[PDB]
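>>> Provided hereafter are the protein sequence and its experimental coordinates.
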Amino acid sequence: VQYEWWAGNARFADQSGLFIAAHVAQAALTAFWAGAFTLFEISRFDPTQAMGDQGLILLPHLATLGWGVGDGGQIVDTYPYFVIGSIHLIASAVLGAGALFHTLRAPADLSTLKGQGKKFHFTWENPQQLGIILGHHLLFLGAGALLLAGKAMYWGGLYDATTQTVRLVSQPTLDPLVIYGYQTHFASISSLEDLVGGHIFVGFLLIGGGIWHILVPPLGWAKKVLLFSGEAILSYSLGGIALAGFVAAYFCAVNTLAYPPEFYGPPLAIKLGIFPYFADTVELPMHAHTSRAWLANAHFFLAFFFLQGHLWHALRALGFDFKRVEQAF
Amino acid sequence: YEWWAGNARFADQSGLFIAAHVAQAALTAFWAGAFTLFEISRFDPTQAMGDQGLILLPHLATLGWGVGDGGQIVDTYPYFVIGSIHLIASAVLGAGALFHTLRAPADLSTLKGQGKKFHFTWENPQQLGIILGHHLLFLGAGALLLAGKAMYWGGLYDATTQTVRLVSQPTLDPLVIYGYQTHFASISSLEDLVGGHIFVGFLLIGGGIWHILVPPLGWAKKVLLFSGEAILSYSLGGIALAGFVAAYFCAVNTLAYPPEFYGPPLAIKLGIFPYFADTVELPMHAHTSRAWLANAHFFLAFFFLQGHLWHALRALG
Ligand code: CLA
Ligand code: CLA
Ligand SMILES: CC1=C(/C=C/C(C)=C/C=C/C(C)=C/C=C/C=C(C)/C=C/C=C(C)/C=C/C2=C(C)CCCC2(C)C)C(C)(C)CCC1
Ligand SMILES: CC1=C(/C=C/C(C)=C/C=C/C(C)=C/C=C/C=C(C)/C=C/C=C(C)/C=C/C2=C(C)CCCC2(C)C)C(C)(C)CCC1
Ligand SMILES: CC1=C(/C=C/C(C)=C/C=C/C(C)=C/C=C/C=C(C)/C=C/C=C(C)/C=C/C2=C(C)CCCC2(C)C)C(C)(C)CCC1
């Protein structure tokens, strides 16, 4: 088959080197937006005023971790933001280095190699090596969860918005029955110590899922209840990231504990006119909104559009290319 | 190759390569010495050294030769003798350039004496490893020359107390040198500058001894391309990155060298094109020497990034 130049990235479906290269380049663009815009939207910051009114977009996430804040919720420094931005710069540098190295120098078909590349070629009809890739990615996401768990033990703990202190969390929960009953108490637990205690359980859960995916492949029913094509696997990933975007918009709307209210903004209100959105209780006159409303709304619309993309790839994968032509006789 | 790619003709000869490079070295030393001698004549002692657009005399003012106490100028004879030694060195390098064009042959394979171990190609790794190690040895020699000029041959100028201070008690631990990546644009002290310079002097002389004493292994020959335009691409990307970070270094650092020789601290401006501007105004509408240097080094570094891009496209397929 042939694809036009307006949409021609489907040629990454069989070529594996470009499949690695374009995605690592995309991650390089994400890390470049993380590093560059932190060091570029720093001149808009003023510690005399608040953080919710000026429209700071990146720096709320850095003050969430509890690096350069103390008693009362005030910012007296920039140097932790400087070192996190700088490690994001050099991480984007090395990640774009590997990206363009795979784009320009590495071969496209990984099965035509001689060293440790022919054992690295993937395709869309195996449950074993794709399960190995899923296991390694689950290991790395669980390692990020381990880093979130160690943030509450290494650098003085996370930031608390109730007690206005960067306190060290040293009380882990030794019971998963509280974790079962959290489905009513979503973003209403009124405790910052239970968030890390829920993070160690899901972190060890991610390690166990990665161990299960490395050790054993899909044992037979996933070949029947699921598909392995690129459009179908793209559909599953886009549905997962759309559910993540919707629950992140809900956490940016209602929580006001992990996100500090004096930095991000006030608790929001769920409204619906033409489209459903979130509005501040304290409006701003200069056609501006807080970081809460901006983040929650933008992640809601992006999660909706990626749910529509998931439905598009699901219709593309399951043979429904163009079958609504038979409406009119 | 007809008159518009003319330097690429002797790229494969590798006998007049040496002549072109020592001619370029002669031109750089000529510009250095002759423009110190030029800017000595157009120098005002009463006015500040940045408002009249002076580059190399403030660059020698960091070394503390022709300056005193309070930001003033004691004399111009150290700048004069430094530019004079640079001019005589450019004369002998241009003499060596005319030597290597005329009396030296087009290829070093015709030579039969003791200089036959100087011929280099684009095929063997050990020769260019020896060249890289000797150049790293000379860079470490320049770093220990700065160490000697800082400790046992003179003092430095500090922007903190505004004097020429012979700096003792340098940085002696490798922890804070590892941590100076976090704050490199603001060194915030000159004792850390000289201590880290002795640290990187030891580091680069260790890399030089490691390079000449150990031949290349072979794990990078299958990854990196061993062509002339490829090594030109690697060095061009290195010097373009160094020029960009040196321009950003010049834009904000007001105490690696003191700012009374350059003017106000430069401010960034990011619009359709990035450029650095001052805060005060000058009646000539001429920007300060720091404002000339940082903007020119940023634009030359960006054009060198594009040149390394073009040479890396030409080196690949
Ligand atoms: C992880 C996400 C992801 C990935 C990998 C893909 C991958 C793919 N999609 Mg796709 N898609 C996604 C998300 C994704 N999509 C979402 C979220 C939507 C809903 C909005 C769609 C809607 C969609 C359609 C409708 C079609 C595809 C098609 C394709 C395939 C062809 C290559 C391509 O992208 O065309 C590259 C195409 C472009 C770059 C578009 C051309 C330029 C446009 C005009 C600019 C972008 C418009 C936008 C408004 C710009 C502003 C951005 C805004 C955020 C500010 C390719 C396999 C096509 C297909 O099936 O194969 C032919 C196809 O027809 N996708
Ligand atoms: C020190 C760095 C360096 C080195 C050693 C080289 C070396 C080389 N380049 Mg090159 N290049 C560089 C940087 C460098 N380049 C940069 C930064 C760029 C981007 C602008 C380019 C763009 C470039 C192109 C587009 C081409 C080369 C080519 C070549 C090769 C042949 C050169 C020749 O005789 O024709 C080069 C041409 C001339 C010498 C004559 C025209 C040059 C004009 C007169 C210069 C005018 C600029 C002006 C005086 C400076 C203003 C600055 C201001 C401060 C005053 C040679 C190997 C050619 C090649 O690969 O062969 C096919 C080729 O086509 N280069
Ligand atoms: C506690 C806590 C926490 C945690 C959390 C967690 C732990 C979570 C989990 C989560 C989870 C754990 C989830 C789950 C989900 C699930 C789902 C979502 C699924 C889906 C699936 C699918 C979709 C599939 C299906 C199928 C099959 C099976 C076959 C047939 C067909 C189909 C395909 C349909 C936090 C951090 C917040 C903090 C606080 C507290
Ligand atoms: C190879 C070649 C080339 C190149 C060459 C060159 C360019 C050269 C250079 C050369 C040089 C560049 C030289 C220089 C010289 C100079 C001189 C020789 C000067 C003198 C002076 C001095 C040394 C001193 C100083 C002084 C004093 C001390 C006192 C007062 C007065 C005065 C200031 C004078 C060309 C391109 C052409 C062509 C092709 C080939
Ligand atoms: C801060 C400071 C300092 C220091 C400095 C230093 C110590 C530096 C270092 C630096 C460093 C030490 C650097 C490094 C760099 C490196 C580079 C820049 C690289 C890159 C590369 C790339 C990116 C590529 C990649 C690759 C490879 C590697 C292999 C093959 C493949 C490829 C090509 C891909 C001082 C003392 C002066 C004083 C005070 C301030």
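That came in fine, so what should we check first? Numbering: from 1, shown residues only, chains lettered A, B, ... in the order given. Ligands and ions are numbered 1, 2, ... in the order given.

>>> Get me the contact residues on chain A for ligand 4.
Residues of chain A lying close to ligand 4 (CB under 6 Å from any ligand atom): none. Where C-beta positions appear, they are placed from N, C-alpha and C, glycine not excepted.

>>> And the helices in chain A?
Applying DSSP state H to chain A gives helices spanning A:16-40, A:59-64, A:79-104, A:129-151, A:177-180, A:193-215, A:222-225, A:230-254, A:291-317.

>>> quick one: the last one near ligand 3?
Right, the one you point to is helix A:291-317. No. Residues of helix A:291-317 are not located near ligand 3 by CB under 6 Å from any ligand atom, the shortest gap being 10.6 Å.

>>> tell me which residues in that helix are buried?
For helix A:291-317, a neighbour-count test (16 or more other CB atoms under 10 Å in any protein chain shown) marks A:291-297, A:299-300, A:302-304, A:306-307, A:309-310, A:313-314, A:316-317 as buried.

>>> closest one to ligand 5 among the helices of chain A?
helix A:79-104 (4.0 Å; CB to the nearest ligand atom).

>>> quick one, the closest one and helix B:228-252 angle?
160 degrees (axes from the mean of the first three to the mean of the last three CA atoms, to 10 degrees).

>>> so who does the closest residue in space to residue A:89 that isn't next to it in sequence touch?
Nearest non-adjacent residue to residue A:89, counting by CB to CB, 6 or more residues apart in numbering or on different chains: residue A:35, 4.1 Å away. Neighbour list for residue A:35: A:85, A:86, A:88, A:89, A:91, A:92 [criterion: CB atoms under 8 Å, 6 or more residues apart in numbering or on different chains].

>>> Now do residue A:35 against ligand 1, distance only.
Relative to ligand 1, residue A:35 is positioned 21 Å away (CB to the nearest ligand atom, to the nearest Å).

>>> ditto for residue A:191
The value you get for residue A:191 to ligand 1, if CB to the nearest ligand atom is used, is 36 Å.

>>> do residue A:305 as well
According to CB to the nearest ligand atom, residue A:305 stands 5 Å off from ligand 1.

>>> That residue and chain B, how far apart?
Residue A:305 sits 30 Å away from chain B, taking CB to the nearest CB, to the nearest Å as the criterion.

>>> which residues touch that residue?
Counting by CB under 8 Å, 6+ apart, there are no residues that residue A:305 touches.

>>> quick one: it and ligand 4, what's the gap?
As for residue A:305, its distance to ligand 4 is 60 Å (criterion: CB to the nearest ligand atom).

>>> Tell me how many other residues crowd residue A:167.
For residue A:167, the neighbour count with other CB atoms under 10 Å in any protein chain shown is 16.

>>> Without its sequence neighbours, what residue ends up closest to the closest residue to ligand 4 within the stretch 1-150 of chain A?
Ligand 4 sits closest to residue A:104 of the stretch 1-150 of chain A, with a gap of 34.4 Å, by CB to the nearest ligand atom. Nearest residue to residue A:104, sequence neighbours excluded (CB to CB, 6+ apart): residue B:316, at 6.1 Å.

>>> What does the one you found show for phi and psi?
The phi/psi pair for residue B:316 (degrees, to the nearest 10) reads phi -110, psi -180.

>>> Residue of the stretch 201-329 of chain A nearest ligand 4, please.
residue A:230 (57.6 Å).

>>> Residue A:124 is in contact with that residue, correct?
Yes. If you go by CB atoms under 8 Å, residue A:230 and residue A:124 touch, sitting 5.4 Å apart.

>>> what sits in contact with each of those two?
Common neighbours of residue A:230 and residue A:124, using CB under 8 Å, 6+ apart, are residue A:13.

>>> Show me which of the two is the more surrounded one.
residue A:230 (18 against 14).

>>> Could you list which residues are in contact with whichever residue of the stretch 51-200 of chain A sits closest to ligand 3?
With CB to the nearest ligand atom as the measure, residue A:198 is the residue of the stretch 51-200 of chain A nearest to ligand 3, at 2.5 Å. Shown in contact with residue A:198 (CB under 8 Å, 6+ apart): A:173, A:179, A:182.

>>> And for residue A:173?
A:179, A:194, A:197, A:198, A:201.

>>> If any of these are buried, give me the PyMOL selection for them.
Filtering those down to the buried ones (16+ other CB under 10 Å) takes a single PyMOL command:
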select buried, chain A and resi 194+197+198+201
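
>>> which pair in the contacts of residue A:173 spans the largest distance?
Greatest spatial distance among the contacts of residue A:173 (CB to CB): A:194 and A:201, at 10.7 Å.

>>> count of neighbours near the residue of the stretch 151-300 of chain A found nearest ligand 4?
Among all residues of the stretch 151-300 of chain A, residue A:155 sits closest to ligand 4, at 57.1 Å; criterion: CB to the nearest ligand atom. Counted with other CB under 10 Å, the neighbours of residue A:155 add up to 14.

>>> hmm, back to that, just the contacts of residue A:198 that are near ligand 3?
Restricting the contacts of residue A:198 to contacts with ligand 3 (CB under 6 Å from any ligand atom) yields A:179, A:182.

>>> got the contacts of residue A:198 as CSV, with distance to ligand 5 columns?
What follows is the contacts of residue A:198, written out as CSV (distance: CB to the nearest ligand atom, whole Å):
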residue, distance to ligand 5
A:173, 43
A:179, 43
A:182, 44
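
>>> one step back: pull up the gap between the residue of the stretch 51-200 of chain A closest to ligand 3 and chain B, please.
32 Å.

>>> In the stretch 101-250 of chain A, which residue sits closest to chain B?
Of all residues in the stretch 101-250 of chain A, the one sitting closest to chain B is residue A:104 (6.1 Å; CB to the nearest CB).

>>> Next one: that residue relative to ligand 1, how far apart?
Between residue A:104 and ligand 1 the distance is 21 Å, computed by CB to the nearest ligand atom.

>>> how deep is that residue tucked in, by neighbour count?
12.

>>> Most proximal residue of chain A with respect to ligand 2?
For chain A, CB to the nearest ligand atom, closest residue to ligand 2: residue A:104, 17.8 Å.

>>> Near ligand 1, which residues of the stretch 201-329 of chain A? Just list them.
A:234, A:238, A:305, A:306, A:308, A:309, A:312, A:316.

>>> is it true that the last one touches residue A:231?
Yes. If you go by CB under 8 Å, residue A:316 and residue A:231 touch, sitting 4.8 Å apart.

>>> where do the contact lists of the two overlap?
Contacts common to residue A:316 and residue A:231, judged by CB under 8 Å, 6+ apart, are absent.
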